[PDB]
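We've got the same protein chain twice here, in two forms, each standing alone as C-alpha cells: structure 1 and structure 2.
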Structure 1
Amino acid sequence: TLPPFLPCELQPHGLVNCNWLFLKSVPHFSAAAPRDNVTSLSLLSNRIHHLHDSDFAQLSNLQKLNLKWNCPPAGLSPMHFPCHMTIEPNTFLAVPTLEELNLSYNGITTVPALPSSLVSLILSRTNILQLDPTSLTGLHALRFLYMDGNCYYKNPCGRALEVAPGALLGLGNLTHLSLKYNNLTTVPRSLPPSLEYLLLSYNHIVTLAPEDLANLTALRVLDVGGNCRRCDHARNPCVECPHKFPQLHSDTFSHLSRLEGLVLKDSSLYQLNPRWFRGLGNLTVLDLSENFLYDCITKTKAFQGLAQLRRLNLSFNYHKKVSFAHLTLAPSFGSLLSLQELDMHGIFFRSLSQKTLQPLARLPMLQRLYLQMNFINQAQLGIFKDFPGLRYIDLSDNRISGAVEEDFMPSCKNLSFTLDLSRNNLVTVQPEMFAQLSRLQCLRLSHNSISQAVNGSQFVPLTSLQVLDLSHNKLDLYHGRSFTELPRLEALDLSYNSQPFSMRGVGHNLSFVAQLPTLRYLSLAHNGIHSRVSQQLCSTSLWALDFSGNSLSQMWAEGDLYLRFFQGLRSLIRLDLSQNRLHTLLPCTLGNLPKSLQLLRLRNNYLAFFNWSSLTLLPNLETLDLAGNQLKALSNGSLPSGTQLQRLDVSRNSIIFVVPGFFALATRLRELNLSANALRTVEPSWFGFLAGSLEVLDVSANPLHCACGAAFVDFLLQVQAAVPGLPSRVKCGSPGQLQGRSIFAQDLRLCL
C-alpha cells in the first residue's frame, strides 16, 4: 500500500507531518486515507499563501494545526518578498474539533472566523494591528493567546498595535496573553481578570502604575521587561530608554497577592524601590538582569521580606563603561530564606572572598550559584565549604589563576557538589587550592592553559571526586602515579591534550589507568597519540574508552607492539576508534579487543574492506559504527550467524552493491543505516526473508534508480513502517527528470 498521506508522513499521536515540503497549497489526501486518525496537522515552513474551506474540511478529529512560516511578511523574508495570505472565510469553521492553531510568520491583517472549541491561538509575526471585541468574539474555551512581533524592526508598522479598551473582556477563560514586540506605550485597558500570565515585554511602556494592572488579581506571572532598554551591547536595533525613565510607581504591583514570577530585565533600573515587592507573598521568581544595580545590591533592603523567593537573577548589572563593580552583597539577601538559585554572572568584579557572599552563606536551600564571566582574579574557593545545600557553582570564564596571594563521559547533573572553573587562566594546579572542597564530586577544569606534570601530587584534598574534566589543556606528560591521589574517581576526561614536543624526549606512561579501582569512563580523544607509549591499557573496572582523534593506525602499523593495546580492558563496554586514520584492519587486531565489547565506533576512518566473518570474535557486540568510511560494498563474507548485532551504521560510504543474504543471518539486527551511499537500488534478497523485523531502515541520500517500475518500491512499501521519511526524503538518483524528486512524485505516482 502507498503511504496514506503522501507527500506527508504519519507519526505517533496522530501527527500528519507536512513540514518543509515546498507546498503551494494544502494536500487534499486520498479517500483511502484514514482521515479520522489525523489529530494534528503540521505544515511548517511550506509556501502556502492561499487557504480554502475545503482544505481541512474532512479531518473529523483534527485538534492541532500548524501553518507557521507559510507567507512571511516582507520584513521577515530574507529577500523581502511581500506575501499576503488569503484565507477563505469558513477555512477554520470547517474544523469544529480544532483546539490549537499557529498562524505565526504569515501575512494576515485580520483574525479569521474561528470555532468556539479553540483553546490556544498563536498569531505572532503576522500583520494584525487591531484587536477589539469583534476579533475573537465567542472564543469561550480560549485559554492561550500569543501575538508577539506584530510591530518592531523586523516587521514594522508605522504606529502602535491598537488594543481597544476591553477588547478581550469576552474571553472569560483566557489565562495566558503575550503581546511583546508590538510598539505599545500603554498597557491595554481592562484585560480579562481571568489572566494568570501576561507578558508585555519589549514594547515602549516607560511608565507603570496600579491603574495599569486594575482587576488583574489572578496574575501569577508578569513580564514587563525590555520596555526602556540599555542599547550599548546589542546586536540589533534598539531605542535607548530616555533620560528620566522608567517610572514604576512604588505600589504598581501591590495588589497581585498571587504573583509568583516578576520579570524587569533590561529596564534601565539604578535603584530598587522596596514598595514594589511589598504585598508579594508568593513571589518565587524575580528577574533583575540587564539593569544598573551594581551599587544597589551592596546596600539594598528590597529583598527584606521576599521569603518564598527561589530564583533570583542579577546577571549583567555591570557599569556601562565595562569595568569592575566592587562587591559585597547587602545583608538583606539573607532574608531570601527559600532562595535556591542565584545568578550573578557578568556583573564584573575582581575579588571573591568571604565578605562577598556573606549573607548567603547559611541560606539552607541555596543550591546553584552562577558566577561566570565576571573577570574575577582573586578567588577564595574555601568560602564555599560550609554552604549547607550547595550543589553547583559556575565560576567559568574568569581570571582566577591559583589560591589567594552520555555513553562515554557522563554529566555531573545528578551529582551532589560540582565546580566548574573552565576557561580560567590557570597555568599550574596547586593542591592547596582545593583544601576545603573534599566534598566535591565533579571538577571541571577544561580550557585553561594547564601545562603541568601530573604525578599524583596535584589533587590530594579531593577525596570524594568522581568527575574530573581536564580537557582542552597542555598537560605535559602522564605517569604511573597520575590521578592515583583521587581514590574515588569514576570518570576522567583527558581529551584535547596534545604536547608531542614538550614530552622531554619520552612518552606517556598509562599504567595509572590500571591503578584506579573506581574508573569507568576515560577519554584520551584527540591527544595525537602517535607513538612512544605504553603497550597495554589494563583496567578491571573500565566500562568505556574514547580513543577518537589519535593515530591507532600508526601504532598498529608498527609491528606487533601495540596489537594488544586495548586487550587488558577486561570489563569494557564501549570503544571509540573514530578518526584514527585506520586505512585497513588485520583479523588479528579485531580479536584482541575485549570479549565484553558491546559498542564499537570506527567513524571517519579510511576502511574500504571489512571482514564480517571476524565479528564472531566479539560475541557481545550489539552496535557497530562504520560511518564516513570508504566501503565500496557489503560483501567479502556476509554477517555471521550467532551474531548479537542490533545497530549497524554504514552511512556515508560508497556502497554501490550488497551480496545476497548479507543481513539475513543477523537475527537480532534492529537498526540499519545505509544512508548517503552509491546504492542504485534496494533489494529484499539482501535480507533473505525476515524483512519486516528491522525497526529502523534508512536509505535516504542514495542514487536510487526510479525505473517504471523498480523493485525497491515493493520491498519498501512492504516494510514502510521501518523506513524513516519514506514519503519524501527517499529520492531518485535517476533518470534525468526524476533526479532529486521523491520515489513517489507526480511522474512516479503514475508508475507504482
Structure 2
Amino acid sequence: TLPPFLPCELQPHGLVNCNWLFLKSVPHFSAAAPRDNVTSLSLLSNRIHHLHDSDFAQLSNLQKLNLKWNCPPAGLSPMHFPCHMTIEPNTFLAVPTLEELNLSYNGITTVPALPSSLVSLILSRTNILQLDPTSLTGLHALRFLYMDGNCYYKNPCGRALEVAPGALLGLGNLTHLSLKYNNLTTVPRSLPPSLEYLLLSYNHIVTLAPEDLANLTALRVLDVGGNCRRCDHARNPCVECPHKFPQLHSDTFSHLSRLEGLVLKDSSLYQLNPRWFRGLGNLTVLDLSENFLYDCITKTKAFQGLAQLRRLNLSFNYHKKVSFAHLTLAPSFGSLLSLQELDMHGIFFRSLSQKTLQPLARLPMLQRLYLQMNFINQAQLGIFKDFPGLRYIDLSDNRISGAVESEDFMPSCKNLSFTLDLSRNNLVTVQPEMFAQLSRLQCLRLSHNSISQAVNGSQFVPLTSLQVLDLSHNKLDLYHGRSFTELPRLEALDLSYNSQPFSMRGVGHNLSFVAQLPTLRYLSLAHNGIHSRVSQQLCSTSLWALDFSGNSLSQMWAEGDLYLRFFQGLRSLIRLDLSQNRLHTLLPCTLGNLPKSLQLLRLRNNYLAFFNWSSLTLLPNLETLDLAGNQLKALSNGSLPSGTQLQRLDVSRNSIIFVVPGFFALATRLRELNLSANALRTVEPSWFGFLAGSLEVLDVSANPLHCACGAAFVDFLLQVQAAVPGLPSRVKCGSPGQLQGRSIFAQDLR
C-alpha cells in the first residue's frame, strides 16, 4: 500500500513534511488519507506563490503550519527574482485549530485574517510595512509575534516600518515581540503591558528614555543592541552611529524590576551610567559586547549593585587600531557574587597577570572565562590556581609561547571539571614550568600551535590530573620512548595532523611510547601520512579506539611482512578507523591480524574494488563495517558468512551494479544497510533471503532504478517502507527516458 501523503512524508507526532519538493501549490492529498491525524504541516522552501480557501480545509486538527521561504522578496531571493504572494481571505480562517503559523520570507504587504486560536505568528522578512489594530483582529490568545527584517539592506523598503501608537493593545496575552531590522527610529508607543520579551535590535533607535518603555513592567528580556553601530567591527553593511550618540537617559530602565536580561551590544558606548542598572535586581544576563568600554572596565562602579548577575558579555570592546600593554579590571567586578560566566574575548591586551583578574579571584560561582583573541603574548597561568569554581578557560587565538619572564574515537571535554584551551597559540616547545600551578587540570587543548619538539616525558610533568590532551595540528616528532609517560591519568591523546615529521623521506619514527601509557583509551594518529620507516607494531593492553585515518597503510602493507601485525598488539581495541589509507587491496591474513576484540571497523574512502566477505569470521565481534566511498562493483564473491554479528553495514558511494541472491540472508543481526549512491537498477527481496522485515534502515536513494511498468522493486519498497528513509521523494528513477531524475512515485507503476 502507498505512502499516505504523496509527494510528502509522514513523520512522528503527526507531522506531514512537504519541504523542498518544489511544489507550485498546496497538495490536497488523498481523501482516503487520515487528514484528521495531521497536527503539523511543513511546506518549507517550495514555490507556492498562491494560497487558496480550500488548501487547509480538510486538515481539521492542524496546530502548526510552516510556509516559510515560498515566495521570497527580490532582496532575499538567491538571484533577485521578484515574487508577490496572494492569499484568499479565508485561507487560514478555515483552520480554526491553528496555533502556530510561519509566513516568513514571503512577499506579502498585508496581514491576512487569522483564526482566534492562534498562539504564535512569524511574519519576518515579508514586505509588511505597517501594523494598525485591523492587522491582528481577534487574536486574544496570541503570545508570540516575530516580524524581523521587513526593511533592511537585504529587503529594503524606502522608509520605516510604521507601527501605529497603541496598535497592538488588543493582544492581551502577548509576551514575545520582535521587530529587528525594520529601519525603526523610535520604539512603538503604547505596547501590550503583558510583554515579557521585547527585541528591537539592529534598527536606528539612537535615543531612549523612560517614556519609550512606559507600562512595560512585565519585561524579563529587553534587547536594543546594534542601534548605534561601530562599523570598524562589522561583517555586513553598516551605517556609523552618528556623532554625539547614542543618548540613553539615566532612568530609562528603572521601572523594569522583573528584568532578567538586557542587551546593549554594539551601541557605541564609551561610558556606563550606574543609574542604567539601578532597580534591576533580578538581572542575570548583561550583554555589553562591541562597545568602547576598554577604559571604562578599568574604573567603573556600574557593577557594584548587580548581586544576581550570572553572565556578563564584554567581548570586542577594543580600542580602534590598538592593543593595550596592560589591563586591570575594576575593583567593582569583585562584588558580582553570582557571576558564573565572563566574556572578555577580543578586547586586545598584550599581558595577562595577577593584577588583570584580581577582583574575579574570590567570586565563588565563576565557572567559565573566555579570554580568546586578545593578542596576549605574556600570561602567568598560575593566576587561575586559587579561583574557587573554575571549569573552563578559553585562551585560544592568542600569542602565548611559554612561561612568563565522533566521540566514539575521541572524547570531548564537556563533562570534565577543569579545561584549559591554549589552541591557536605560538608554542614551539612545551616547558613544564608554564603549567606549574595547573595540576588540577583534566583537559588541555594545545592544537594549532607550532610545536616542533621531540617530546620525551619531561614536558607535562605537573599535569597530574590530566585526562585529555589534544595536540592536533602541530609538528611533534615522535621518537623518544617515554613521551607522555609523565601523565599518569592520560586517557585520550590526539596526535592528528602532525604530518610534517612523517613526510621527512629517509627519517623514520618510533611509536613504542604508546605501550608505556597504561591508562590510554583513545588515540588519534589521523591525517599524519604515515607511510614508511615506523614501528612495526603498536602495542597497548588498554587502548579502546584508534583513529588511523588519512595515512598510507597501503604503502606499509605492501612492504613485505614488516607491518602485517601492525595493529595486533592492541589487545583491547574495540574501534579502528583505517579510512583514507589509499588501500587498493587487502589480504585475508592482514584482516585476521586485527584484534579479535574489534567491534567497529571503518574503511571509508579507500580504493577497494573487491572484498572477500568470508574473512569477516576472523573478526567474531565485529558489529559495524563501513566501506562507504570505495569502488565495489558488486556485492558478490561469497556471501556474508554464517554467524557474523554484523548490525550496521554501509556500502554507499561505491559502483555496485548487482547483489547476489542470499547475500545478507545469514546476517541475522543486520539492522541498518546503506546501499545509497550506487548504480543499482533494481532492489530485490531475493538479496535478503526472506529476512528483510528485520531491517530497521535500508537506504537505497540516488540509485538509477529502472522504473518500468510492473517492476518488482516498487512492491518490495512498500513492504518495508517503514525502513526506507526519504522513500516518497529521494528514491528516484535512472531510466526509462522521461522518468530519469523523477521520483519512483511520479507515476503509478503497478
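All residue numbers here follow the sequence of structure 1, with the first residue given the number 1. For clarity, a rigid core is taken as the largest C-alpha set superposing within 1.5 Å between two forms. Only residues modelled in both forms are compared.
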Shifting its Cα by 2 Å or more between structure 1 and structure 2 with the rigid core aligned, the only one of 257, 236, 97, 636 is 236
Establish whether a shift of 2 Å or more occurs at the C-alpha of residue 217 between structure 1 and structure 2, with the two forms superposed on the rigid core.
no
Worksheet item: If you line up the core, does residue 279 shift 2 angstroms or more at its C-alpha between structure 1 and structure 2?
Response: no
Fitting the rigid core first, would the Cα of residue 299 be found 2 Å or more away between structure 1 and structure 2?
-> no
The CA shift of residue 504 between structure 1 and structure 2, rigid core aligned, in angstrom, is 10.2
Between-form comparison on the rigid core puts the Cα shift of residue 623 between structure 1 and structure 2, in Å, at 0.6
Between-form comparison on the rigid core puts the Cα shift of residue 78 between structure 1 and structure 2, in Å, at 2.1
In sequence order, the stretches of at least 3 consecutive residues present in both forms and shifting by 2 Å or more at each Cα after core superposition between structure 1 and structure 2 are 233 to 236, 321 to 326, 477 to 479, 499 to 509, 746 to 749
